[PDB]
Structure formats: C-alpha cells, structure tokens
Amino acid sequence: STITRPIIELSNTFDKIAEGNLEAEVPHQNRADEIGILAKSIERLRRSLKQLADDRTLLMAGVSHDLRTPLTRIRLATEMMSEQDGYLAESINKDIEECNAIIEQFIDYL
C-alpha cells in the first residue's frame, strides 16, 4: 500500500509522544503490513510510558501528606512542652515551618 505518508504520520505522532503527550492517538494500528507493525510498537511504547508516569504520579501524591503527618505530630508535641522551655518549643516550631515550606514550595509540585 502507501508508505511515505503513514511513516510521516507515525513520525509526527511519535514526536508528540516522545516530548510528553502520552495521550497522542497512534494511527495505522490496523494495517496488515510493516506500517501496522511499526504503529503497534509505537502504541506499546506510548502505553509503557503512560504506565510509568501514572505509577510515579500516584506515588508522588502521597508524599506530601505522609511527611505532613509526622511534622504535625511534632508540632502537637511542642505544644505540650514545659512552659520553662518556650524557647526550645518555638525554635522547633520554626524548623517545622521550614520543612513545611519545602513541602509547599517544592514537593507539592513533583
């Protein structure tokens, strides 16, 4: 059948996938020639990359809350400290705030 046009369409599509559009539609998947073989392989790569990305992102979504929990616990603990140790309690609170800043300004974006 036709060769150069489907090859170009698959190349353009692949460019879209490679640069991060993992939702790009792969054409020519049903072809009974080598163009079809290529298209199926490209679709498999697309699905592979999408799987990687989704797994990683799901994992990432848990990190902020998972750090925030023990940090919050530290705060609760300082709130129980002896009134003689207001200084230490406050110092620790400032460190906690630094950690939270790292979570909000950076980790939340991962």
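Residues carry their position along the shown sequence, with the first being 1.
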Checklist entry - Which has the higher mean CA temperature factor in the PDB entry, 56-64 or 24-32? => result 56-64
Checklist entry - Averaging C-alpha B-factors over each stretch, which comes out higher, 69-77 or 38-46? => result 69-77
Item to check | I107 by Cα B-factor - lowest, middle or highest third of the modelled chain | outcome: middle
Item to check | Lowest, middle or highest third - CA B-factor, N12 | outcome: lowest
